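A short worksheet on the structure shown next.
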Amino acid sequence: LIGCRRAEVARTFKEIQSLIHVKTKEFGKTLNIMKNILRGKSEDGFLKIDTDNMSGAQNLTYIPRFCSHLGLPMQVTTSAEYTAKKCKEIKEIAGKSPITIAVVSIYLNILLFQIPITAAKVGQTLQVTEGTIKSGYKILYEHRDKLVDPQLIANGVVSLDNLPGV
Amino acid sequence: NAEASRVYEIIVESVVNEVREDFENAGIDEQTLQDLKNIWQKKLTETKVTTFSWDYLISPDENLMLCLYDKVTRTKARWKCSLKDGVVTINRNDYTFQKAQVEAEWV
Amino acid sequence: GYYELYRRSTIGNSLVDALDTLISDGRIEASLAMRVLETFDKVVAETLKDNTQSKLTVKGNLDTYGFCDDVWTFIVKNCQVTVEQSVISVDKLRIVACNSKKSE
Amino acid sequence: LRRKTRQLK
Amino acid sequence: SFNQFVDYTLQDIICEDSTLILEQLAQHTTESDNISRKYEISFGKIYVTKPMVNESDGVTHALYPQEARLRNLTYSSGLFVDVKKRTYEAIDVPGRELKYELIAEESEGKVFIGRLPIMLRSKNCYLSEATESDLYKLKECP
Amino acid sequence: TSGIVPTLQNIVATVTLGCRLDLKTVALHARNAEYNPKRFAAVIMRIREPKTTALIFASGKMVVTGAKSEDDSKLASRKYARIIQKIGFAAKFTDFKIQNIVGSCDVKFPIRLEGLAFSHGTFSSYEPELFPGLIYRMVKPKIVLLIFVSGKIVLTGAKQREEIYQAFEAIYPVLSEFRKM
Amino acid sequence: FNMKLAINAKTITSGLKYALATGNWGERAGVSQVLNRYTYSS
Numbered sequence: 177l178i179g180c181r182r183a184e185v186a187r188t189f190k191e192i193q194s195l196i197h198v199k200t201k202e203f204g205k206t207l208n209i210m211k212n213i214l215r216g217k218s219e220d221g222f223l224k225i226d227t228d229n230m231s232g233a234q235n236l237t238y239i240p241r242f243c244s245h246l247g248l249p250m251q252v253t254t255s256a257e258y259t260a261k262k263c264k265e266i267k268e269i270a271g272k273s274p275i276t277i278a279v280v281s282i283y284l285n286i287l288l289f290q291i292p293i294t295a296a297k298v299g300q301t302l303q304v305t306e307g308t309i310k311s312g313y314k315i316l317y318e319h320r321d322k323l324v325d326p327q328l329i330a331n332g333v334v335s336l337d338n339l340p341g342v
Numbered sequence: 003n004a005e006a007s008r009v010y011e012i013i014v015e016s017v018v019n020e021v022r023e024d025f026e027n028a029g030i031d032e033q034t035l036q037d038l039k040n041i042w043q044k045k046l047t048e049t050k051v052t053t054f055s056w228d229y230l231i232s239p240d241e242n243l244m245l246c247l248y249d250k251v252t253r254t255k256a257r258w259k260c261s262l263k264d265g266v267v268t269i270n271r272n273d274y275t276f277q278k279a280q281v282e283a284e285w286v
Numbered sequence: 005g006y007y008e009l010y011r012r013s014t015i016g017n018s019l020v021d022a023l024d025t026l027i028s029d030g031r032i033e034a035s036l037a038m039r040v041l042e043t044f045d046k047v048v049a050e051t052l053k054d055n056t057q058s059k060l061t062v063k064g065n066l067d068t069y070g071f072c073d074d075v076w077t078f079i080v081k082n083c084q085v086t087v088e103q104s105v106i107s108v109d110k111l112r113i114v115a116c117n118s119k120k121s122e
Numbered sequence: 325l326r327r328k329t330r331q332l333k
Numbered sequence: 050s051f052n053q054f055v056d057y058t059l060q061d062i063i064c065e066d067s068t069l070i071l072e073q074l075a076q077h078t079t080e081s082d083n084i085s086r087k088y089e090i091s092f093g094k095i096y097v098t099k100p101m102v103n104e105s106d107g108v109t110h111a112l113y114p115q116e117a118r119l120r121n122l123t124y125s126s127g128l129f130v131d132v133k134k135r136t137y138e139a140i141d142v143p144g145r146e147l148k149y150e151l152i153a154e155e156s157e163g164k165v166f167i168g169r170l171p172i173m174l175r176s177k178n179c180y181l182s183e184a185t186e187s188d189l190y191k192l193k194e195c196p
Numbered sequence: 060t061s062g063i064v065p066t067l068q069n070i071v072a073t074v075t076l077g078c079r080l081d082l083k084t085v086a087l088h089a090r091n092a093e094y095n096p097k098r099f100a101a102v103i104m105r106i107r108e109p110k111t112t113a114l115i116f117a118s119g120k121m122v123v124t125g126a127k128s129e130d131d132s133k134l135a136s137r138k139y140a141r142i143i144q145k146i147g148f149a150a151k152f153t154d155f156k157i158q159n160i161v162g163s164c165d166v167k168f169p170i171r172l173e174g175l176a177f178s179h180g181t182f183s184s185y186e187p188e189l190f191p192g193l194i195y196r197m198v199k200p201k202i203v204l205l206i207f208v209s210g211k212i213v214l215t216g217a218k219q220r221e222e223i224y225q226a227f228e229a230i231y232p233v234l235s236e237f238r239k240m
Numbered sequence: 442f443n444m445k446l447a448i449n450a451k452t453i454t455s456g457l458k459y460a461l462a463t464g465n466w467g468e476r477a478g479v480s481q482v483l484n485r486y487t488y489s490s
């Protein structure tokens with residue numbers, strides 16, 4: 177996980193748990209201890225500026241891989257990346273896990289681009305509860321104007337009425 | 003309760019059907035089973051409950244319940260008790276069940 | 005061996021009030037007494053699970069609760085019960115319960 | 325002491 | 050030769066060593082654990098994708114030979130075999146012949167086994183079905 | 060300075076009763092006493108008036124949790140020891156040491172947690188996959204803090220009041236700089 | 442038992458890639481050669 181985060185290519189905890197059968201508590205404690213001793217060795221040796229490489233969220237780096245798992249086109253992926261970037265401004269979902277934020281942004285832009293993929297398929301592919309995805313879409317329906325890229329709706333490729341209401 | 007009545011009926015019938023071989027293995031007379039059933043029925047009738055046809230320390240005519248629990252979970256105040264296979268004697272009236280969801284809040 | 009709870013019930017106390025008479029009359033020995041009580045407990049446990057279909061559930065306020073020797077004791081007060103509906107208000111109710119794990 | 329697992333062609 | 054290899058020889062190589070059986074003996078000191086297990090992993094049909102590439106971040110996209118030459122990639126396609134898992138159990142009675150039965154754990163399921171490099175203008179390659187204008191669009195010389 | 064003082068919600072303390080205790084009898088005779096030796100090697104009791112919970116061990120060691128103030132924990136330990144006196148054991152009260160004082164508060168503004176984790180990276184560990192709160196480990200005093208997007212702050216690991224209060228007073232300027240909207 | 446750990450796809454991938462990148466055919477040299485692009489007839 178540290179090697180994935182350092183190369184700006186970070187996977188999630190679920191990925192590493194899918195490969196390595198390790199309990200969540202011991203893996204988190206081990207990650208914390210190794211981050212502490214890595215910072216200590218950096219201070220003792222060559223000091224390294226983090227510049228958002230040990231970032232806990234890193235939700236911009238999950239959008240292309242998660243869109244590839246669903247077989248989405250690129251413009252859906254960049255719209256989802258913009259939506260996930262603008263989701264940080266929303267204080268109601270700022271505490272959500274970045275996997276859930278990425279998934280609800282992807283699902284919002286799937287409904288925006290009329291891609292025929294159901295919430296059940298997104299939940300099955302990315303192992304997020306369908307109720308969680310539906311609640312995230314419901315809580316993001318009030319902020320439709322800020323999340324959707326203004327230049328996309330300006331060019332007319334997508335329109336805000338395509339999103340079903342709650 | 004007629005359901006408790008037939009439950010107690012099959013209790014007394016199964017007991018007096020099963021005790022007989024123990025009484026014969028003990029060698030005592032067969033009348034010791036019949037009068038036992040008779041006095042058991044007289045005491046159930048004089049119990050007058052069920053119809054028949056025959228400073229912090231712990232220290239009959241009491242509402243109690245005897246049962247078997249599958250899982251009991253505790254929260255800050257609430258108590259889930261999933262009791263099973265019990266008999267009740269509240270208000271001098273007998274009841275029988277298979278499941279019991281007991282919820283009570285801890286003060 | 006199995007659990008021993010139903011002696012405190014109406015049929016149980018009626019039976020243990022009748023075996024004491026035969027104890028006093030010199031009709032039953034001690035060994036026969038607790039083996040007939042054990043087989044009565046086995047009989048009531050085995051036929052109380054198969055051929056009954058009633059239901060009960062209780063809401064209330066528990067006063068004193070305890071778990072020792074693998075039994076659960078509850079003293080719930082101001083409690084209302086429902087059978088299968104009919105509602106009964108009970109001022110105080112005592113619960114004694116055991117595990118489904120077999121002893122010995 | 326017996327081998328726990330073995331190959332089967 | 051390459052089309053013969055992809056169309057027929059890959060399945061033959063898969064089917065020649067498809068079954069993989071591991072017999073776990075009972076190894077029982079007492080007769081309580083006199084059960085022997087037999088785990089079988091069997092490969093089935095092999096599937097080949099169109100040529101593709103996975104990047105660092107995990108996004109996988111269709112790879113065309115012009116991009117593979119420029120980015121120093123390998124023009125390859127994925128191989129996926131169907132794997133069925135069999136678990137057998139037998140009562141290990143000495144003298145009595147073992148008779149194994151399924152415990153209905155027959156879980157089966164394409165699994166990725168590797169990347170076969172694709173010869174250009176072969177049947178798996180994108181350029182085989184491309185017309186002259188399609189080749190000019192892909193910056194491939196006709 | 061800060062306009063709000065944190066309020067305590069749990070104080071964990073210990074008492075040495077100084078006598079070997081038979082956990083079998085204290086479970087049967089005390090009212091709210093739970094003893095499951097397979098599950099746990101102690102007896103759990105709780106009494107209503109301080110809303111606390113005592114873990115009593117065979118060696119006479121005692122743990123009191125759930126108290127709001129140190130006087131409340133002292134009174135709770137007093138009454139549990141009085142229960143042990145009334146149950147038939149010579150449990151002399153010997154010492155009372157409070158180990159944990161966890162208190163919560165609210166700064167009443169949203170917090171940018173990723174920026175706080177990036178800036179004070181030597182004391183912070185933000186992993187929103189596991190837990191949605193930031194773990195800030197102050198070196199002086201040794202108080203750990205759970206920081207949230209709603210502004211709720213949980214200060215944990217204090218021995219008396221003058222660690223959690225100054226921990227909040229020191230953590231307020233480094234959270235006032237991070238504001239959302 | 443993890444199937445992702447059971448089947449190491451890098452074995453097949455690296456074996457084919459190594460035997461095609463180098464001329465070595467095993468584990476015969478010169479089997480794979482860099483294609484000549486001096487002229488079309490070449």
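Chains as they are written, first to last, in PDB author numbering: chain A, 177 to 342; chain B, 3 to 56, 228 to 232, 239 to 286; chain C, 5 to 88, 103 to 122; chain D, 325 to 333; chain E, 50 to 157, 163 to 196; chain F, 60 to 240; chain G, 442 to 468, 476 to 490.
Ideal placement from N, C-alpha and C gives every residue a C-beta, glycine not left out.
Option in the options with minimal Cα separation from residue i
i, options, result
"residue 16/B", "60/C, 50/C and 76/C", "50/C"
"residue 91/E", "108/E, 69/E, 84/E and 56/E", "69/E"
"residue 131/E", "52/E, 64/E and 58/E", "64/E"
"residue 52/C", "31/B, 13/B, 286/B and 268/B", "13/B"
"residue 260/F", "141/F, 229/F, 107/F and 179/F", "No answer is possible for residue 260/F: it lies beyond the span of chain F, which begins at 60 and ends at 240."
"residue 148/E", "72/E, 55/E and 172/E", "72/E"
"residue 115/E", "52/E, 135/E and 179/E", "179/E"
"residue 146/F", "163/F, 152/F, 86/F and 164/F", "86/F"
"residue 12/E", "51/E, 59/E, 87/E and 50/E", "This structure cannot speak to residue 12/E, because chain E is shown only from 50 to 196."
"residue 173/F", "141/F, 237/F and 148/F", "237/F"
"residue 173/E", "195/E, 186/E, 196/E and 126/E", "126/E"
"residue 241/B", "12/C, 7/C, 119/C and 68/C", "12/C"
"residue 183/F", "180/A, 195/A and 207/A", "207/A"
Buried versus exposed, by CB contacts within 10 Å (16 or more), residue i
i, result
"residue 265/B", "buried"
"residue 21/C", "exposed"
"residue 72/C", "buried"
"residue 100/E", "buried"
"residue 45/C", "buried"
"residue 99/F", "exposed"
"residue 442/G", "exposed"
"residue 95/C", "Residue numbering in chain C breaks between 88 and 103, and residue 95/C falls inside that break, so it has no position here."
"residue 234/A", "buried"
"residue 39/C", "exposed"
Any non-hydrogen atom of the ligand MG closer than 7 Å to residue i Cβ
i, result
"residue 57/E", "No copy of the ligand MG appears in this structure; indeed no ligand is present at all."
Spell out a yes or no on whether the segment 57 to 72 of chain C and the segment 17 to 27 of chain B are touching, meaning 3 or more CB-CB pairs, one atom from each, closer than 8 Å. no
Using a Cβ cut-off of 8 Å, which residues of the segment 14 to 39 of chain B contact any Cβ in chain C, in chain order? 14, 16, 17, 20, 21, 24, 28, 30, 34 and 38
Only counting runs of 3 or more residues, tell me where the beta strand (DSSP E) segments fall wholly within the segment 110 to 146 of chain E, in order along the chain. 125 to 140
Within the chosen definition, does the segment 278 to 291 of chain A reach the segment 308 to 315 of chain A through at least 3 CB pairs nearer than 8 Å? yes
Counting pairs of beta carbons, one from the segment 261 to 270 of chain A and one from the segment 220 to 230 of chain A, are three or more of them closer than 8 Å? no
Unbroken alpha helix (DSSP H) runs of length 4 or more, entirely within the segment 197 to 222 of chain A: which are they? 200 to 220
Give a yes or no on contact between the segment 271 to 283 of chain B and the segment 44 to 53 of chain B, applying the rule of three or more CB pairs nearer than 8 Å. yes
Count Cβ pairs between the segment 449 to 462 of chain G and the segment 189 to 206 of chain F that sit closer than 8 Å; are there 3 or more? no
Name the residues in the segment 181 to 204 of chain A whose C-beta lies less than 9 Å from a C-beta of chain G; which are they? 194, 195, 196 and 197
Assess, as a yes-or-no matter, whether the segment 75 to 95 of chain E is touched by the segment 118 to 125 of chain E under the definition of 3 or more beta carbon pairs within less than 8 Å. no
Just to confirm the assignment: which complete alpha helix (DSSP H) runs, minimum length 4, are found wholly within the segment 116 to 204 of chain F? 129 to 146 and 172 to 178
Interfacial residues, the segment 49 to 72 of chain C to chain F, with Cβ spacing under 7 Å: 68, 69, 70, 71 and 72
For the segment 113 to 126 of chain F against the segment 63 to 71 of chain F, do three or more pairs of beta-carbon atoms, one drawn from each stretch, fall closer than 8 Å, so that the two count as touching? yes
Residues within the segment 63 to 97 of chain F neighbouring chain B, beta-carbon criterion of under 7 Å: 88, 89 and 90
Could you check whether the segment 286 to 305 of chain A touches the segment 242 to 255 of chain A, counting it as contact only if at least three pairs of C-beta atoms, one from each stretch, sit closer than 8 Å? yes
Near-chain F residues of the segment 239 to 251 of chain B - C-beta to any C-beta below 9 Å: none
Which runs of the alpha helix (DSSP H) spanning at least 4 residues fall entirely within the segment 15 to 72 of chain C, listed in chain order? 34 to 51
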